[PDB]
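Visitor: An experimental structure, sequence included, is below.
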Amino acid sequence: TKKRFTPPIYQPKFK
Amino acid sequence: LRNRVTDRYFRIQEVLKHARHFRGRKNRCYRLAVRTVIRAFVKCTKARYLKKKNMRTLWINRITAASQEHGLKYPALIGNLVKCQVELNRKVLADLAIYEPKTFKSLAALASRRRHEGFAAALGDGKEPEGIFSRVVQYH
Amino acid sequence: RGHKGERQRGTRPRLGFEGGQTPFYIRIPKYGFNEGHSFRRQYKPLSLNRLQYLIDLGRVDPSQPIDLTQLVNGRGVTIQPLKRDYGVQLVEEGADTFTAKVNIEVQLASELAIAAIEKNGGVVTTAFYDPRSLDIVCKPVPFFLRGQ
Amino acid sequence: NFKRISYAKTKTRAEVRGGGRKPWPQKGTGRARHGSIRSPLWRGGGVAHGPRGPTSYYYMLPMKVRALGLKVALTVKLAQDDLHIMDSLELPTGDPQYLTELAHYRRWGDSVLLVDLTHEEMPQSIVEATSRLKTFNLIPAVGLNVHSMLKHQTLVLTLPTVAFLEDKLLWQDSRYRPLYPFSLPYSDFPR
Amino acid sequence: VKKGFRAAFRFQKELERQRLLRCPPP
Amino acid sequence: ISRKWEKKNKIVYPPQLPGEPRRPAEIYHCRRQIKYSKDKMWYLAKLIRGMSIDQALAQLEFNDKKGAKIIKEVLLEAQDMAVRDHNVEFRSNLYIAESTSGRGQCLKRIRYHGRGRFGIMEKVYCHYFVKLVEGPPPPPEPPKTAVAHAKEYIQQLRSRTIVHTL
Amino acid sequence: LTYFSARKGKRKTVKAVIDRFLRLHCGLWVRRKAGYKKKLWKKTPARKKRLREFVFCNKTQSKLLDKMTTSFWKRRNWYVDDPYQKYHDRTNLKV
Amino acid sequence: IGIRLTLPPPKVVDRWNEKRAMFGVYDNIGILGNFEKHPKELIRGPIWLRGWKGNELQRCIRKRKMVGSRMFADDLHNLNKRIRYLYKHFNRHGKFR
RNA sequence: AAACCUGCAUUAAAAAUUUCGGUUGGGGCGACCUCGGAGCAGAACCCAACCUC
RNA sequence: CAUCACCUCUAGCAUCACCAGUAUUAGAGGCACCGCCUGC
RNA sequence: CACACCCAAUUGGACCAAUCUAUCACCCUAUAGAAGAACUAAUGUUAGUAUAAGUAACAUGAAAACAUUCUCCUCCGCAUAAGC
RNA sequence: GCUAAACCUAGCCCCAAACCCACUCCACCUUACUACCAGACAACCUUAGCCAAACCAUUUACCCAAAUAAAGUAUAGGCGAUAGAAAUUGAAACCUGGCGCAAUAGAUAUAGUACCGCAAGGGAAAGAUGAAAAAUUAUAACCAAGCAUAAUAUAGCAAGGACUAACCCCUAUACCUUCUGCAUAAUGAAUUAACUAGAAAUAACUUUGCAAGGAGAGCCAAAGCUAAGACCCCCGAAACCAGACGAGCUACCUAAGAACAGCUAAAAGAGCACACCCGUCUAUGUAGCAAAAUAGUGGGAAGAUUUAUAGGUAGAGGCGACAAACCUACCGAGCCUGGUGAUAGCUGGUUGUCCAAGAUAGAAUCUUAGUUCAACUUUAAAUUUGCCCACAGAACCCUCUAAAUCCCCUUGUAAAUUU
Ligand SMILES: [K+]
Ligand SMILES: [Mg+2]
Ligand SMILES: [Mg+2]
Ligand SMILES: [Mg+2]
Ligand SMILES: [Mg+2]
Ligand SMILES: [Mg+2]
Ligand SMILES: [Mg+2]
Ligand SMILES: [Mg+2]
Ligand SMILES: [Mg+2]
Ligand SMILES: [Mg+2]
Ligand SMILES: [Mg+2]
Ligand SMILES: [Mg+2]
Ligand SMILES: [Mg+2]
Ligand SMILES: [Mg+2]
Ligand SMILES: [Mg+2]
Ligand SMILES: [Mg+2]
Ligand SMILES: [Mg+2]
Ligand SMILES: [Mg+2]
Ligand SMILES: [Mg+2]
Ligand SMILES: [Mg+2]
Ligand SMILES: [Mg+2]
Ligand SMILES: [Mg+2]
Ligand SMILES: [Mg+2]
Ligand SMILES: [Mg+2]
Ligand SMILES: [Mg+2]
Ligand SMILES: [Mg+2]
Ligand SMILES: [Mg+2]
Ligand SMILES: [Mg+2]
Ligand SMILES: [Mg+2]
Ligand SMILES: [Mg+2]
Ligand SMILES: [Mg+2]
Ligand SMILES: [Mg+2]
Ligand SMILES: [Mg+2]
Ligand SMILES: [Mg+2]
Ligand SMILES: [Mg+2]
Ligand SMILES: [Mg+2]
Ligand SMILES: [Mg+2]
Ligand SMILES: [Mg+2]
């Protein structure tokens, strides 16, 4: 039950 | 040496040509079309047995329909034409029932006459001679 | 490759591994079959049939003394000093049909082979060659190009 | 193939720059799991099974097989009326146009291979005539090979060349197995 | 750009067939 | 990109024979990279499809959509072009023959969401194509009547044969 | 088994096979019996008689040992007064 | 898509240039030249490949022991990794044992 | 004289590396793992694990 | 959990913490004020 | 009438697309050699575009000569520091 | 007919050859790119570990200066996995080449730039007319999915057989993968284009050469030897170690500062109650304003308080009023790089056509998710019996008792055994 957090992935801005 | 497929376009047009008459995305997307074209080809091969099966069922229905016009049943016509050594298949009999009504009535009369000879034959104990149309031509 | 497992994944165990039980090549006791194999001396056999075959075709001249140099020159024997060879042994095979008077020198000789040569009036002698000298005798030309 | 050296080489996933970092965590992101950005599945990644040059295709046929290849090559040319024997390679003029007209008159072929005994004894008349031609080649006796003979429709040999070839080729048919390479001195070699 | 002439040549002939269907000659 | 619609105005036909009928004038005009959705533009192009040139303008003048002003500007410059360049006697004689919208080159921006999430927003552009044909608009197809239905049904009953036989 | 060495790039020989087995040049492998020196006081003379004898490996074991040794151990040797010299060649063998 | 709409430029090949017309010459330098020279000595290329052939693992091992002291630091590091990987692959992975 | 340092031993402290063999729904408590015989495959051979003794 | 209060344990001493300190001190801990009762 | 032409894993064959090279060939082929040599599938990689969907969501106090004025809010404001 | 689609260079890869670069002025170790004052600070020290041994604990290859050979030999080694010489032998060595790549390829590179991160560090995307742009009257036609042109009419894996005819009639339970068996409501796939997965030894076989000899030193040989052809994949962990980088968030500390109305009270870790700090309850929100907020209601608010600035403690650790808290939005052990293409008996995937043969005895095992051997199966070869089966024959017991089985000449058949 350990708290698992997945940070959001920011795509490169050039797209 | 690096080798790449240069004619992959023709490899998919040999499959998409068979799907041009389909409905939906399965007529232009190769991934979807290949699974539907294969099933269409599988049905095409298996339909050659149903086509022969459905033809005979259609013939039997038409022969039965014409026999009832003369007050006969399908078992009575086919069974008694065989005992007359008349080897006409269902395809021809159905054709005669549609395009040669007077010839089919002739066969219906012949089958009915042969049917009555068997009933008379079964009543006797064998002393009575066989019917006129009950005679069988022997081949040696 | 099959269905899954080590076979399809290419992680098969080493050769000789038997799944966990003691391997066949391990459960056998050790015996000195090949112990000290590289220090045992080897001698290429030289049959009198082979010797007579070389003489009749002129490959080995009986008019001159025959040593290990002449046998190699006639391609009668193949000596490999690097393979712990120490010369040739004269064997008694074909001693019945041998008929030639030669002066041959061989590192080893059987009792019957000595008798067969001396019966026809020949002479057989046994001499020793060290591994360094043996390579010189077999191929004198490669040694003469070493400047030694 | 024996002298071919293939220099093609690609970079595996271990030789592509970077790609040591895992892109996203193993679970949670909802995307496919990857360990590097230079794997073969990734764009710009390494090649799974690519060329690893430089590669050598060197192999040696047995000496008798290579010498027997010359005899069959010579036999095929003669049997097909494509081999012509000469006494010398001296032309009246060093004009390359003279050689082309001489070969067309005798109907030799589009390509003719000229062979001399040695390289330093080639007459200057034929050297100046062939050096400006593309299908008429001049080689010494030692430069004879099957590929050159098959490439050229017509083969031209001199009398010394024929004697040279027979001495060289027939020596393979009756010879002892080599104790040491023939470059070292022998009793009766070279002839 | 993929090296190769046979595929490019074969595609031109297919295009010519389409050109005939779209604009048939007299 | 493709700009065939512009080239469709540059085709010149051979001179007509005296006995040949009058050929209606065809005018191909378009506006590129309109900052509007092609899906929304389709409703305006479908509305004026088949209408007269003056009838189409009236519908677009009181329509509240943004593309209505854009399409009306295209029709005015297309009507002017027909008389000025395409040798059309009457500007009002024209009617809408083909009127459709097409996708244009679109940009891509980032739309920020919560929890550090984001979406890819596109600045949609569209093309509007219009074709004008000289002459009165063709009358709309009359609705199919019972006599037309009855005639077709009897024809189907008359074209049926005896199948799977001679 | 090392199919390619890291310094020479050639196949290696497992030395656990050389110290236990003997290869006749005909192809046979000769081994000892497992336990011919263990607990001989509790074994019958008949049992000990068949324990102190040399035996041959079968088809599978001989094939296994051939892959675990290089060609240096499969060559023909001419040792002087070798006890197994006469066993290196088969006689009157068919199929 | 993926197929060109125009034919590529014609590939003119000169079958009778200096290199093609003289290909294969002197390949019999030993047999026809008293064995003073060897046909493998005609081979040109890397010094670790002249007159030799082997698989990828052997080529890397042979290259490292001949020109390894002249290789660049990054190139030598890559060669060592390749030998480490190939050693594990050939001696521990495969279908046959 | 004594110390420091060094080498080698001896305790202690604090750490270092490594592992949790299987079988019995789980846990607890116990049993079990090899060999021989029987219920145990009625009549060549083999074969019923778990289980019962 | 910490907390005054209580209690246990360790330490007789200096030039970078403790400390520019010296057992009424310092450190390592238990318990959780006080008040009553109790061990010894 | 024709006939090698309906099994998993595996195994034995006969053919073969494209590419490069040798030699041919010269509206795209032949015989060979060689290899980064063939994708309806790995929550594959990159890119394009659909679907959900023109949906969720987002925004500008009022009149007016656009001078101005009115209504309402103000838990804000101005400056320094730091940062930019 | 829109979106688009096409293109050929830029440059690069591998070799050969040859041993490379860095003072124009000014500034640049202090807060680098900062004209201009008493310093004394000084460098050097075995790698480890992953991995293999199907665990692991000794051990486990890593150019050390000549290709070949000796030789995978002597030796070493839980004498296991594996490691491994030397004496000795002894060759060529002509840069300007390519059966290397051609914009998802080839270096990451149009550039270590944009951008991301406090930092170490990570790391892109793309260009395309023509001789002439001082011709733009351009650079025709045709091609993915997506659309438009052109919404839809009973009924059903969307097709097939058909039919005069779209449908109507009849027939048909999507594909892959994983299991004994998937329409399965088990796994994977919106779709298009491109890219993306079988690398090698001994032996044997096949086809040439030569032959008791073979081979271009070394090596094998009781018909061998030499050469060629022909067999051994892809993605994915949590981890471990080494060297760096981080306390601008947070934990605690150091230096020197700042803040706390009013009222009741009293020289209070007092009360009420703003600023401020905290986050009790409820509701909203749940790709949200927000990767933790909003509104209301609450605890503290002269103190063990709150807070700005600079400094310190760094991962075998720090710090902690212990919550296994925090140490830059995944801390039971940070992050980055390297070892590393770590390893995975586990999951998933594994790309032209056609034909052929082809399924269920077991044993051992830190073993039952695996592997080895046997059995079965395949191919090639050799040989002669193989199957079916007439009698005869195969135990007494504890008293008796089944279908049968083994063996097996004929005969019917064509297989069986061995390599
Ligand atoms: K392990
Ligand atoms: Mg399995
Ligand atoms: Mg890496
Ligand atoms: Mg790492
Ligand atoms: Mg990984
Ligand atoms: Mg790349
Ligand atoms: Mg945010
Ligand atoms: Mg292997
Ligand atoms: Mg407490
Ligand atoms: Mg048949
Ligand atoms: Mg080909
Ligand atoms: Mg491929
Ligand atoms: Mg594809
Ligand atoms: Mg896919
Ligand atoms: Mg909705
Ligand atoms: Mg709304
Ligand atoms: Mg507002
Ligand atoms: Mg291990
Ligand atoms: Mg473990
Ligand atoms: Mg690139
Ligand atoms: Mg790139
Ligand atoms: Mg399309
Ligand atoms: Mg139906
Ligand atoms: Mg469903
Ligand atoms: Mg299921
Ligand atoms: Mg899915
Ligand atoms: Mg460890
Ligand atoms: Mg481990
Ligand atoms: Mg701080
Ligand atoms: Mg207070
Ligand atoms: Mg208060
Ligand atoms: Mg605290
Ligand atoms: Mg606790
Ligand atoms: Mg706890
Ligand atoms: Mg963090
Ligand atoms: Mg892996
Ligand atoms: Mg397992
Ligand atoms: Mg079959």
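Guide: Arrived safely. Numbering: from 1, shown residues only, chains lettered A, B, ... in the order given. Ligands and ions are numbered 1, 2, ... in the order given.
Visitor: Any part of stretch A:3-13 near chain D?
Guide: Yes - with Cβ under 8 Å from any Cβ of the partner chain as the measure, stretch A:3-13 is seen reaching chain D through A:4, A:6, A:9. All C-beta spots, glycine's among them, are computed from the backbone N, C-alpha and C.
Visitor: Specify which member of those is nearest to RNA strand K.
Guide: In terms of Cβ to the nearest atom of the strand, no member of those lies closer to RNA strand K than residue A:9, at 10.3 Å.
Visitor: That closest one - how many residues pack around it?
Guide: Neighbour count of residue A:9, defined by other Cβ atoms under 10 Å in any protein chain shown: 13.
Visitor: Tabulate the residues of stretch A:3-13 next to chain D (CSV), appending secondary structure.
Guide: Listed next are those as CSV, based on DSSP: H, G, I helix; E, B strand; the rest coil:
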residue, secondary structure
A:4, coil
A:6, coil
A:9, coil
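Visitor: As TSV, these with distance to chain G would be great.
Guide: TSV is the format used below for those (distance: Cβ to the nearest Cβ, whole Å):
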residue	distance to chain G
A:4	43
A:6	43
A:9	42
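Visitor: RNA strand K next: which of those residues are close?
Guide: Counting by Cβ under 7 Å from any atom of the strand, nothing from those sits close to RNA strand K.
Visitor: and which of those is nearest to chain F?
Guide: The closest of those to chain F turns out to be residue A:9 (Cβ to the nearest Cβ; 8.8 Å).
Visitor: Please name the residues that touch that closest one.
Guide: Residue A:9 makes contact with D:24, D:29, according to Cβ atoms under 8 Å, 6 or more residues apart in numbering or on different chains.
Visitor: measure it to residue D:41 for me?
Guide: Between residue A:9 and residue D:41 the computed distance is 18 Å (Cβ to Cβ, to the nearest Å).
Visitor: Looking at the residues of stretch A:3-13 next to chain D, spot the one nearest chain D.
Guide: residue A:6 (3.3 Å).
Visitor: The closest one: how many residues sit nearby?
Guide: The burial count for residue A:6: 12, using other Cβ under 10 Å.
Visitor: show me where the chain has helices.
Guide: Picking chain A for this. Remark: no helices are assigned in chain A by DSSP state H.
Visitor: To clarify, I was referring to chain E.
Guide: Going by DSSP H, chain E shows helices at E:6-22.
Visitor: ok, and what's touching stretch G:34-52?
Guide: Under Cβ under 8 Å, 6+ apart, the answer for stretch G:34-52 is C:27, C:28, C:29, G:33.
Visitor: these two touch, right, residue H:27 and residue H:40?
Guide: No - at 10.3 Å, residue H:27 and residue H:40 do not qualify as touching, with contact defined as Cβ atoms under 8 Å.
Visitor: The two - which one has more neighbours?
Guide: residue H:27 (20 against 15).
Visitor: For that one, give me its contacts.
Guide: Going by Cβ under 8 Å, 6+ apart, residue H:27 touches D:3, D:145, D:147, H:39, H:42.
Visitor: which one among those gets closest to residue H:49?
Guide: residue D:3 (10.9 Å; Cβ to Cβ).
Visitor: Skipping its backbone neighbours, what lies nearest the closest one in space?
Guide: In space, and not counting its chain neighbours, residue D:3 is closest to residue H:43: 5.0 Å by Cβ to Cβ, 6 or more residues apart in numbering or on different chains.
Visitor: residue contacts, the residue in chain D positioned nearest to chain E?
Guide: Of all residues in chain D, the one sitting closest to chain E is residue D:8 (14.3 Å; Cβ to the nearest Cβ). For residue D:8, the contact set (Cβ under 8 Å, 6+ apart) comprises B:1, D:51, D:53, D:55.
Visitor: nearest spatial neighbour of the first one, skipping sequence neighbours?
Guide: Using Cβ to Cβ, 6+ apart and skipping the chain neighbours, the partner closest in space to residue B:1 is residue D:8 (6.6 Å).
Visitor: For the residue nearest in space to the middle of chain F, give the beta-bridge partners.
Guide: Per Cα atoms, centre = their mean, the C-alpha nearest to the average position across chain F is that of residue F:99, at 1.4 Å. Counting by DSSP bridges, residue F:99 forms beta bridges with residue F:130.
Visitor: With secondary structure added, can I get the contacts of residue H:27 in JSON lines?
Guide: As requested, the contacts of residue H:27 are exported to JSON lines (three-state DSSP):
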{"residue": "D:3", "secondary structure": "coil"}
{"residue": "D:145", "secondary structure": "coil"}
{"residue": "D:147", "secondary structure": "helix"}
{"residue": "H:39", "secondary structure": "helix"}
{"residue": "H:42", "secondary structure": "helix"}
